[PDB]
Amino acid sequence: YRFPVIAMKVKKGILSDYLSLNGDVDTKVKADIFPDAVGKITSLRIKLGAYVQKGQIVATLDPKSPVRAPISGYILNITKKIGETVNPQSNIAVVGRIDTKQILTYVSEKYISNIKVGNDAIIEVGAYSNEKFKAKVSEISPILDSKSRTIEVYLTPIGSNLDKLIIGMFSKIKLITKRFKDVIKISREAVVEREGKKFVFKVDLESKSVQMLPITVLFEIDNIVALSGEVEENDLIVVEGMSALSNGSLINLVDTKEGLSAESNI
């Protein structure tokens, strides 16, 4: 008998660990819009998304008083209606710049000591590639909040297509903590546990059989193992049929799958 197997033509690549966070898209430069007097809002000369310049009149009161923009940028929010009464500490609207986007997140103290300015992240607002963006850590707050045990971390989105990372949006963040580089990646099920050790099966094409090689699992995630040991680029390693195999088992190579990408999982 010859056991049926599928084998992968294994490649060297990158597998990357990450910390899973939540955060918000914000901007570095923004300001609240306050009246200079007390009274009722007569007119609102702004809508969401509108561009306004420093000094420009954005609303009007009856005690006629003008409410003016304090900086130049875009209206991110309006928190007041025509009719409402207001004073110099009523926040009417928010203006901010769209060219100084930032992602804000809060990281637990135990992870902070390995995070550095320049670390890579992926910012996700959705499942598809058009909804994911690259970013880099820009700043680490000196403040530890004692109740939550978290420290604020700021990321700057880079690359192309940032016009869909909209200010105010919720995001998932994948903050890359370690990259295993130039290692053999293979589907996790290739690895088999015998007598408290780990092995894979390498196919010898000439003799149509397998050899049981010991390996070490360096890291694994998303059903992918990065391993070290006696395995090299282009070895044929069994990825279906392995539970039935032993050292020297004879097999039938039913098919050969391509190796997993050399590039990072994330």
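Heads up: residue numbers just count along the shown sequence, starting at 1.
- In the deposited sequence, the stretch from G49 to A50 has no residues without coordinates, so the chain runs on without a break.
- Of the two segments, 104 to 112 and 192 to 200, the one listed with the higher mean B-factor is 192 to 200 (C-alpha atoms only).
- Relative to one another, 24 to 32 and 212 to 220 have unequal mean CA B-factors, and 212 to 220 is the one with the higher figure.
- When the C-alpha B factors of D120, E139, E124, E84 are read from the deposited coordinates, the top value falls at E84.
- Which of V238, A37, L227, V58 has the largest Cα B-factor in the deposited entry comes down to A37.
- The deposited CA B-factor of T177 belongs to the middle third of values across its chain.
- Ranked by Cα temperature factor within the chain, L250 sits in the highest third according to the deposited record.
- When the CA B factors of the chain's modelled residues are split into thirds, the value for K147 lands in the highest one.
- When all modelled residues of the chain are sorted by CA temperature factor, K132 is found within the lowest third.
- The entry lists a Cα temperature factor for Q89 that places it in the highest third of the chain's modelled residues.
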